[PDB]
Amino acid sequence: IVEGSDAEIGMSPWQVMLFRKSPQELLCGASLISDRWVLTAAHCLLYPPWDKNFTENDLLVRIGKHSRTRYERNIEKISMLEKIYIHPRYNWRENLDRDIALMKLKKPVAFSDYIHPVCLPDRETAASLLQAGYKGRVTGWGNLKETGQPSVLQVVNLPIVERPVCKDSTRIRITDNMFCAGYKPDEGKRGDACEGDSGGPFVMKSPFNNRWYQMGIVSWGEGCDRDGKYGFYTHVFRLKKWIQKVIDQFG
Amino acid sequence: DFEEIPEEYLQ
Amino acid sequence: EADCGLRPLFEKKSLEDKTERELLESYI
Ligand SMILES: CC(C)[C@@H](NS(=O)(=O)Cc1ccccc1)C(=O)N1CCC[C@H]1C(=O)NCc1cc(Cl)ccc1CN
Ligand SMILES: *[C@@H]1O[C@H](CO)[C@@H](O)[C@H](O)[C@H]1NC(C)=O
Ligand code: NA
Ligand code: NA
């Protein structure tokens, strides 16, 4: 996260770290959506241009974390993966369209003060909140700048951007399965996700029921926090039917 | 630069 | 499930985090 701040303890209890077994390193962010399911970006698991194609046994999920590097004894919980599900129409070839994956844990994780699932949006909540100017929150342990790394989980609040501005900021083809967020050059404030934040959640707190909803998944951006560029997020609600089909079929 | 995790998670 | 999105150390205790007000103020 670029230009963010240290998270408060328990501020993002659904935050998940995807962790490579060997070498031991941060792979990506992710989120907890129930006691057995974790949501992330497909490109965290499959990305042929970088020779990335992880299998279940390559990875661990670490939940309840604050410190990036420490083993947080008695706080974090580490889970093995039963199965990875990548969207069948995930477009790694072109523009990361439908950049979404689910991971089922081998055993359920115990909720605690530091571990708790985020809500997924219904159509109504999505329609109410996914509006230009409305701010969401992005969290992760990714790099602090484009070209170092944080001691603890970072947080930044960012405004959703008008689709035409999103489209005009890039030569990449934008789809309805993406939205973008970030400040414009003129707005003074800044901030963005960066390398290593991929797969983490973009959340909004509903003013209707005071619950946190994951509206987006950190997906892509040209650089990190560049003037005139924006962060692009997987549109979680637009892909909810697939999410439900997977959980219903393999739950 | 990551602290080693309990071996049981790697087994 | 029914308890999703309510944080043990915040919503569950009626405590607010330092910047959630920024989000609310943007929901115009
Ligand atoms: C063009 C995208 C697709 C790519 N950009 S990139 O890695 O920074 C390469 C790059 C750098 C500078 C100018 C143009 C391109 C990208 O974002 N990728 C390629 C594979 C993984 C993903 C990524 O890094 N996602 C993390 C991310 C997510 C968000 Cl929302 C914002 C910034 C970033 C960091 N680039
Ligand atoms: C990635 O790995 C799987 C299984 O190891 C393989 O079958 C597949 O062809 C590989 N490439 C993909 C999914 O693009
Ligand atoms: Na364009
Ligand atoms: Na920018």
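Going from the start of the chain as shown, residues are counted 1 onward.
Determination method: X-ray crystallography, 1.8 Å.
Here the Cβ of each residue, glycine as well, is placed from N, Cα and C on the backbone.
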**OP:** Based on the record in Swiss-Prot, give the one of A:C166, A:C194 in a disulfide bond with A:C180.
**Re:** A:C166
Subject >> Of the candidates A:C28, A:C119, the one sharing a disulfide with A:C44 in Swiss-Prot >> reply: A:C28
**OP:** Find the one among the recorded positions A:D99, A:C194, A:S198 whose C-alpha lies closest to that of A:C28 (disulfide bond).
**Re:** A:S198
Original post:
Where's the emptiest Cβ shell within 10 Å among the disulfide-bonded residues A:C28, A:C44, A:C166?
Top reply: A:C166
Original post:
When you measure from the Cβ of A:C224 (disulfide bond), how many other Cβ atoms are you left with inside 10 Å?
Top reply: 22
Original post:
According to DSSP, which of helix, strand or coil covers A:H43 (active site, charge relay system)?
Top reply: helix
